[PDB]
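A.B. asks: My questions will all concern the structure given below.
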Protein chains: 2
Amino acid sequence: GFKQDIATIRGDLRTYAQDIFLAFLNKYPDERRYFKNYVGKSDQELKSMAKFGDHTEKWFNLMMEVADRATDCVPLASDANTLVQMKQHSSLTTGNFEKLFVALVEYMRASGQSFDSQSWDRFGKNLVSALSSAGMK
Amino acid sequence: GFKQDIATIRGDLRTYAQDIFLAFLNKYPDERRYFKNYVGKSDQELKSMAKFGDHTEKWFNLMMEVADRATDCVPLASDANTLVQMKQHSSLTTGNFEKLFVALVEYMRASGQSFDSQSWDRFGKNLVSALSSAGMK
Ligand code: HEM
Ligand code: HEM
């Protein structure tokens, strides 16, 4: 289930984080505009950049904490507030998060690993609801 | 599901409130000691007492407000806090609430009406957790 999936991801985090983030950027290439120096590069070029794996791991480290602090796939309001108020997220709207979770769920469904993808879809829905409640446009 | 159950209950709030409250007292007769004016009175006698229908409906009204405000059966901490801080609840512990939810779920399962009983159980569990976090003993 969802709780065990958090442990699965955490056990191989850099690999999952990079592969899910790449699935996101490839499904939605114009999302690269929110980042520096990602356009014009293949997956392997991205993975060999100095900061790519590091920043995506820090991403997913926090995502897994948000998932872990949730009850029944409902994130804490304080975690949602942190995500809204982060300077690095000042250009974002809930649509960015929605697209990330569409890609995340798709990745999980296609994976060989028994992820509980329906729970991840619910968690994404609930996180987006929480971001809205916290004042993300 | 849970949302429909809120509508079902709200549709005939007085009747459901009284029925469930009596089911609670019948399963856990010692809980009547918290309601000193209900000691030694038949169900019909209780129904003749203005405050029995009034307070019981108002309790279940607040229960329905808390249920409706929940996300996936996870209640707001602010709602748990309201329940803990009520002067009328100053002598209670989380065990009293646990018993209420056991009886409510039992009532739902026994009823002809088609309730999402598993969800009310989970809501009860999540509310008890939240009561404890808000300082109920
Ligand atoms: C639950 C989902 C998300 C979490 C937990 C999260 C968390 C984080 C964290 C921890 C950082 C700091 C990384 C660092 O500087 O080392 C970060 C940076 C950043 N985030 Fe997010 N984020 C999420 C969703 C998103 C989405 C959906 C977007 C855009 C589509 C996004 C855009 C950015 C950008 C542009 C930065 C700074 C630039 C960069 O690190 O490359 N974030 N995020
Ligand atoms: C989620 C569950 C509960 C909710 C939403 C709730 C809500 C309320 C409300 C709104 C009142 C005010 C009634 C009024 O004065 O008009 C009340 C009173 C009261 N509650 Fe609760 N309550 C809950 C659980 C319990 C439990 C489990 C007990 C004890 C077993 C309890 C004992 C009392 C007592 C003794 C009063 C005052 C006397 C009375 O109104 O009959 N409550 N509650």
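Each chain in the structure tokens gets a letter, A, B and so on, in the order shown; residues start at 1 in every chain, and ligands are counted from 1 in the order they appear.
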Could you list, as an MDAnalysis selection string, all the residues within 10 Å of ligand 1, counting only C-alpha atoms and all ligand atoms?

C.D. replies: chainID A and resid 21 24:25 28 30:38 51:67 79:80 82:84 86:101 123:124 127:128 131

A.B. asks: Grab the residues selected above and save them as a compact mmCIF listing (two decimals), in the first residue's frame with C-alpha atoms.

C.D. replies:
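New file part-v7.txt:
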```
# COMPACT_ATOMS: atom_id res chain seq x y z
CA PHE A 21 11.01 13.68 -12.75
CA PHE A 24 7.20 14.42 -15.89
CA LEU A 25 9.49 16.54 -18.10
CA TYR A 28 5.19 17.93 -20.29
CA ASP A 30 7.19 23.01 -21.57
CA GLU A 31 7.43 22.53 -17.78
CA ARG A 32 11.21 22.88 -18.25
CA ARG A 33 10.64 26.68 -18.40
CA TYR A 34 10.32 26.68 -14.60
CA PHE A 35 13.95 25.43 -14.38
CA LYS A 36 17.46 26.48 -15.51
CA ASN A 37 19.52 24.72 -18.12
CA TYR A 38 17.29 21.72 -18.78
CA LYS A 51 22.70 19.59 -9.88
CA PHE A 52 19.99 17.48 -11.55
CA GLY A 53 20.07 14.39 -9.29
CA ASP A 54 20.77 16.48 -6.19
CA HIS A 55 17.86 18.89 -6.65
CA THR A 56 15.47 16.12 -7.68
CA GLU A 57 16.42 14.04 -4.65
CA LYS A 58 15.82 16.99 -2.33
CA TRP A 59 12.43 17.37 -4.09
CA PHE A 60 11.49 13.75 -3.50
CA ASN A 61 12.98 13.66 0.02
CA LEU A 62 10.41 16.25 1.01
CA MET A 63 7.65 14.68 -1.04
CA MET A 64 8.15 11.40 0.84
CA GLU A 65 8.08 13.24 4.18
CA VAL A 66 4.80 14.94 3.17
CA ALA A 67 3.38 11.53 2.20
CA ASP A 79 3.25 20.89 4.80
CA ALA A 80 1.00 22.35 2.12
CA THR A 82 5.47 25.24 3.23
CA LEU A 83 5.11 24.18 -0.43
CA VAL A 84 3.05 27.28 -1.28
CA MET A 86 8.72 28.39 -0.74
CA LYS A 87 10.47 31.09 -2.81
CA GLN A 88 11.36 28.42 -5.36
CA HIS A 89 7.67 27.81 -5.94
CA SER A 90 6.61 31.43 -6.42
CA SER A 91 5.84 30.98 -10.18
CA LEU A 92 3.69 27.88 -9.66
CA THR A 93 -0.03 27.15 -9.68
CA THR A 94 -1.88 23.99 -8.70
CA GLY A 95 -1.82 22.92 -12.39
CA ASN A 96 1.92 22.30 -12.16
CA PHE A 97 1.34 19.88 -9.30
CA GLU A 98 -1.58 18.23 -11.07
CA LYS A 99 0.65 17.48 -14.06
CA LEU A 100 3.40 16.13 -11.82
CA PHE A 101 0.95 13.69 -10.25
CA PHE A 123 -2.64 11.79 -2.36
CA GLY A 124 -1.97 14.08 -5.35
CA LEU A 127 -2.25 17.71 -1.90
CA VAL A 128 -3.63 19.90 -4.68
CA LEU A 131 -2.32 23.79 -1.82
```

A.B. asks: Just need the residues of chain B within 12 Å of chain A, counting only C-alpha atoms, so spit them out as a VMD selection string.

C.D. replies: chain B and resid 70 to 78 119 122 to 123 125 to 127 129 to 130

A.B. asks: Include C-alpha atoms and write out the residues we just selected as a compact mmCIF listing (two decimals), in the first residue's frame.

C.D. replies:
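Dumped everything to again.txt:
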```txt
# COMPACT_ATOMS: atom_id res chain seq x y z
CA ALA B 70 -13.09 16.20 6.83
CA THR B 71 -11.00 15.14 3.84
CA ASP B 72 -11.10 11.34 3.24
CA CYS B 73 -12.45 10.88 6.79
CA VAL B 74 -9.61 12.88 8.33
CA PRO B 75 -11.13 15.62 10.51
CA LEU B 76 -9.77 19.13 11.02
CA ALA B 77 -7.59 19.53 14.10
CA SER B 78 -9.57 22.70 14.86
CA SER B 119 -15.69 4.92 6.53
CA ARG B 122 -12.13 5.12 10.06
CA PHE B 123 -13.51 8.64 10.70
CA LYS B 125 -10.44 6.37 14.60
CA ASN B 126 -9.03 9.52 13.00
CA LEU B 127 -11.17 11.75 15.24
CA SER B 129 -6.36 10.43 17.27
CA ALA B 130 -7.09 14.12 16.76
```

A.B. asks: Write out as an MDAnalysis selection string the residues lying within 12 Å of residue 16 (chain A), counting only C-alpha atoms and excluding same-chain residues fewer than 2 positions away.

C.D. replies: chainID A and resid 5:14 18:23 53 56:57 59:61 64 104 107:108 111 113

A.B. asks: Restricted to N, CA and C atoms, what would the selected residues look like written as a CSV table (one decimal), in the first residue's frame?

C.D. replies:
```csv
chain,number,residue,atom,x,y,z
A,5,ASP,N,4.8,1.9,0.0
A,5,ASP,CA,5.4,2.6,-1.2
A,5,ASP,C,6.4,3.6,-0.8
A,6,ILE,N,6.1,4.4,0.2
A,6,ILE,CA,7.0,5.4,0.7
A,6,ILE,C,8.4,4.8,1.1
A,7,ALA,N,8.3,3.6,1.7
A,7,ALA,CA,9.6,2.9,2.1
A,7,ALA,C,10.3,2.4,0.8
A,8,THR,N,9.5,1.9,-0.1
A,8,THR,CA,10.1,1.4,-1.4
A,8,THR,C,10.9,2.6,-2.1
A,9,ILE,N,10.2,3.7,-2.2
A,9,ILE,CA,10.8,4.9,-2.9
A,9,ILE,C,12.1,5.3,-2.1
A,10,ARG,N,12.0,5.4,-0.8
A,10,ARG,CA,13.1,5.8,0.0
A,10,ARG,C,14.3,4.9,0.0
A,11,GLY,N,14.0,3.6,-0.3
A,11,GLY,CA,15.1,2.6,-0.5
A,11,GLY,C,15.9,2.7,-1.7
A,12,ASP,N,15.4,3.5,-2.7
A,12,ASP,CA,16.2,3.7,-4.0
A,12,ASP,C,15.8,5.1,-4.5
A,13,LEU,N,15.9,6.1,-3.6
A,13,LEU,CA,15.3,7.4,-3.9
A,13,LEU,C,15.9,8.2,-5.1
A,14,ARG,N,17.2,8.2,-5.2
A,14,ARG,CA,17.7,9.0,-6.3
A,14,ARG,C,17.3,8.5,-7.6
A,18,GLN,N,14.8,10.6,-10.0
A,18,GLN,CA,15.2,11.0,-11.3
A,18,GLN,C,14.2,10.4,-12.4
A,19,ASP,N,13.9,9.2,-12.2
A,19,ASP,CA,13.0,8.6,-13.3
A,19,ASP,C,11.6,9.2,-13.3
A,20,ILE,N,11.1,9.5,-12.1
A,20,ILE,CA,9.7,10.2,-12.1
A,20,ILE,C,9.8,11.6,-12.7
A,21,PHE,N,10.8,12.3,-12.3
A,21,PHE,CA,11.0,13.7,-12.8
A,21,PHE,C,11.2,13.7,-14.3
A,22,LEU,N,12.0,12.8,-14.8
A,22,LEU,CA,12.2,12.7,-16.2
A,22,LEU,C,10.8,12.3,-16.9
A,23,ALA,N,10.0,11.4,-16.3
A,23,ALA,CA,8.7,11.1,-16.9
A,23,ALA,C,7.9,12.3,-17.0
A,53,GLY,N,20.4,15.4,-10.3
A,53,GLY,CA,20.1,14.4,-9.3
A,53,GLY,C,19.9,15.0,-7.9
A,56,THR,N,16.6,17.0,-7.6
A,56,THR,CA,15.5,16.1,-7.7
A,56,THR,C,15.4,15.2,-6.5
A,57,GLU,N,16.5,14.8,-5.9
A,57,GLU,CA,16.4,14.0,-4.7
A,57,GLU,C,15.9,14.9,-3.5
A,59,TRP,N,13.8,17.5,-3.7
A,59,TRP,CA,12.4,17.4,-4.1
A,59,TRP,C,11.8,16.2,-3.4
A,60,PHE,N,12.1,15.0,-3.9
A,60,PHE,CA,11.5,13.7,-3.5
A,60,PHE,C,11.7,13.4,-2.0
A,61,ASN,N,12.8,13.8,-1.4
A,61,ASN,CA,13.0,13.7,0.0
A,61,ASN,C,11.8,14.3,0.8
A,64,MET,N,8.4,12.6,0.1
A,64,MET,CA,8.1,11.4,0.8
A,64,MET,C,7.8,11.7,2.3
A,104,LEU,N,3.5,11.0,-12.3
A,104,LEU,CA,3.8,10.1,-11.2
A,104,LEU,C,3.0,8.8,-11.2
A,107,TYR,N,3.7,6.7,-14.3
A,107,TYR,CA,5.0,5.9,-14.1
A,107,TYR,C,4.7,4.7,-13.2
A,108,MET,N,4.0,4.9,-12.1
A,108,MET,CA,3.8,3.8,-11.2
A,108,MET,C,3.0,2.6,-11.8
A,111,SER,N,5.3,0.6,-14.0
A,111,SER,CA,6.5,0.0,-13.4
A,111,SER,C,6.3,-1.4,-13.1
A,113,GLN,N,7.7,-2.5,-10.2
A,113,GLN,CA,7.5,-2.5,-8.8
A,113,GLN,C,6.0,-2.3,-8.5
```

A.B. asks: Per DSSP on the backbone, filter region 40-127 of chain A down to the residues in helix (DSSP H, G or I) and report them as a PyMOL selection string.

C.D. replies: chain A and resi 43-47+52-69+77-85+87-89+94-110+117-127

A.B. asks: Following superposition of chain A onto chain B on all C-alpha atoms, paired in order, what is the C-alpha RMSD to one decimal in Å?

C.D. replies: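 It is 0.6 Å.
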
A.B. asks: Report, in Å to a single decimal, how far apart CA of residue 114 (chain B) and atom 20 (N, counted along the ligand's line) of ligand 2 are.

C.D. replies: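 Answer for the atom 20 (N, counted along the ligand's line) of ligand 2 to CA of residue 114 (chain B) separation: 27.0 Å.
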
A.B. asks: Choose the residue, out of B:50, B:134, B:15, B:3, that has the smallest atom-to-atom separation from ligand 2; count only C-alpha atoms and all ligand atoms.

C.D. replies: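 Ranked by minimum distance to ligand 2, first place goes to B:50.
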
A.B. asks: Please determine, counting only C-alpha atoms and all ligand atoms, which residue among B:133, B:117, B:85, B:44 has the shortest atom-to-atom distance to ligand 2.

C.D. replies: B:85
